[PDB]
Each structure stands twice: as structure tokens, then as C-alpha cells.
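What follows is each chain in one-letter form.
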Amino acid sequence: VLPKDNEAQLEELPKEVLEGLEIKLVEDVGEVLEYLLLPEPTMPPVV
Amino acid sequence: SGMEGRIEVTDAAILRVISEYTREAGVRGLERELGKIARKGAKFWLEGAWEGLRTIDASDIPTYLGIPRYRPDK
């Protein structure tokens, strides 16, 4: 997960690396927290 | 740099190079960047010689200088 405004700097990267990785370009925190957290609570809350 | 009217920049390219590759008070960095564009033009002349004059637009500036180094304010 990487900022969108860094997508210019994906070009000094070696080529066979770049089809190994998969980049998700973001500009807001809410889409990051949507992408990374599992949708179900497991542990009980701290209260 | 040897070229004589086989290569030519436009003003939009000049403003792009100043805004995106150059952050100083003086003018030294712009001089170095224009030198780099002319020297890459000379290497492209020695690879394949074209005819007449070539006009570098504002789109080809990453093709001649590389990744933009600074970001403008918005």
C-alpha cells in the first residue's frame, strides 16, 4: 500500500520485481483501513 | 553541445523544467537541466539521425530528464 503521489517513483525499480509486487495506490486513510482490517471482531473490547 | 537547429524546446517545456526539476534562488540548476536535455538530444542524433528540426513538447520531459524531482504547490 503506497501513496498515489509516489507513483512516479515506481520506475527506478527493476522490472522483474515490479510484476512480482502489486501496488495499491491510496490518498485517504479510510480506504487503507478498509483494505487492511478483517471485517469481524474476535477479541472482547477493552471497554 | 554541437546541436544546431536539429532540436528545439517550447516554452511550456521550459516552465515544466523550472517548476519540477529546479528549486533554488539562482539559475544554476536550470542551466544544468538544459545541458542534460541537449546532451541526450546529441545521443539520440548519434543513434538515429532525423531530418530538419525536432520540437520537444512538454510531454517528453520525463523522456529526456527522468523522474520529476520536486512537486509544485497546489
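Residues numbered from 1 in each chain as written, not as in the entry; some residues may be left out. Chains lettered and ligands numbered in written order. Part of a larger assembly, values for the part shown. Heavy atoms only, no water.

Brief notes about the side chain of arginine 6 of chain B
All names here are of chain B.
No. 1: Turning to its location among the elements, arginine 6 is positioned in the segment before strand 1 (7-9).
No. 2: On the accessibility criterion, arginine 6 (16% relative accessible area) is buried.
No. 3: If we ignore the near neighbours within four places in the chain, the residues touching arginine 6 are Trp45, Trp50, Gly52, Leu53 and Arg54. (Helix = DSSP H or I, 4+ residues; strand = E, 2+ residues; numbered from the N terminus. Buried < 20%, exposed > 50% of the residue type's maximum accessible area, 1.4 Å probe, protein only. Contact = heavy atoms within 4.5 Å.)

Considering the environment of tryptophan 45 of chain B
No. 1: Its location among the elements puts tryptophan 45 of chain B in helix 2 (residues 28-47).
No. 2: For the pair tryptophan 45 of chain B and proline 72 of chain B, spaced 27 residues apart in sequence, the C-alpha separation works out to 32 Å.

Regarding a negative patch on the surface
No. 1: A contiguous patch of negative charge, built from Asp5, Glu7, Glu27 and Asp28 of chain A, is present on the exposed surface.
No. 2: In this structure, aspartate 28 of chain A sits in the loop between strand 2 (25-26) and helix 2 (29-36). (Patch = residues over 30% accessible without salt bridge, like charges linked within 9 Å, V, L, I, M, F, W, Y side chains within 5 Å. Areas by Shrake-Rupley, 256 points an atom, 1.4 Å probe, with all protein chains shown as cover. Salt bridge = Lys/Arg side-chain N within 4 Å of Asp/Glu carboxyl O. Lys, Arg positive; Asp, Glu negative; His and termini not counted. Charge placed at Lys NZ, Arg CZ, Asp CG, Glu CD.)

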